[PDB]
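Student: Sharing the initial chains of the complex here, in place:
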Amino acid sequence: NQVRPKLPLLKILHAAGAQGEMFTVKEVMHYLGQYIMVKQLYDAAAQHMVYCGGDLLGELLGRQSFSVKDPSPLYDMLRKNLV
């Protein structure tokens, strides 16, 4: 089932290389994964930790850093930005 992102995530999703206006939760999770990989925001030593504060990802999440072992900060933002 599709959802429309709010503008900030949208821009990030297109920055990943996604196309379109409406996404599924499945494809938003791929391109967010794709985004961090290409933007090299994960820590090179502790690869589970992502440091996003200096990027547009940081202001979207409302954070500086987060870990993938706890992705409840991802849940926060998906709930708020995908109508």
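Tutor: Structure's in. What do you need? Numbering: from 1, shown residues only, chains lettered A, B, ... in the order given.
Student: If you tally nearby residues, what's the number for residue A:26?
Tutor: Neighbour count for residue A:26, taken as other CB atoms under 10 Å: 8. Placement of C-beta: from N, CA and C, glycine included.
Student: Please, which helix or strand holds it?
Tutor: Using DSSP states H and E, residue A:26 falls within helix A:25-39.
Student: for residue A:50, what are its contacts?
Tutor: Counting by CB atoms under 8 Å, 6 or more residues apart in numbering, residue A:50 makes contact with A:36, A:41, A:42, A:43, A:65, A:66, A:67, A:68.
Student: here's chain B, drop it onto the model above:
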Amino acid sequence: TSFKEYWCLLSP
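Tutor: Let me add chain B to what's already shown:
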């Protein structure tokens, strides 16, 4: 263990 291995431990 890479980040692209960690990432896909999450459901979509």
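Student: Please re-evaluate the neighbour count of residue A:26 in the presence of chain B.
Tutor: Burial of residue A:26 is recorded as 10 neighbouring residues (other CB atoms under 10 Å in any protein chain shown).
Student: wouldn't it be in contact with residue B:12 here?
Tutor: Yes: if you go by CB atoms under 8 Å, residue A:26 and residue B:12 touch, sitting 4.1 Å apart.
Student: Could you find the closest non-adjacent residue to residue A:53?
Tutor: residue A:64 (3.5 Å; CB to CB, 6 or more residues apart in numbering or on different chains).
Student: Sorry, slip of the keys, the one I care about is residue A:21.
Tutor: Using CB to CB, 6+ apart, the nearest residue to residue A:21 is residue A:4, at 6.2 Å.
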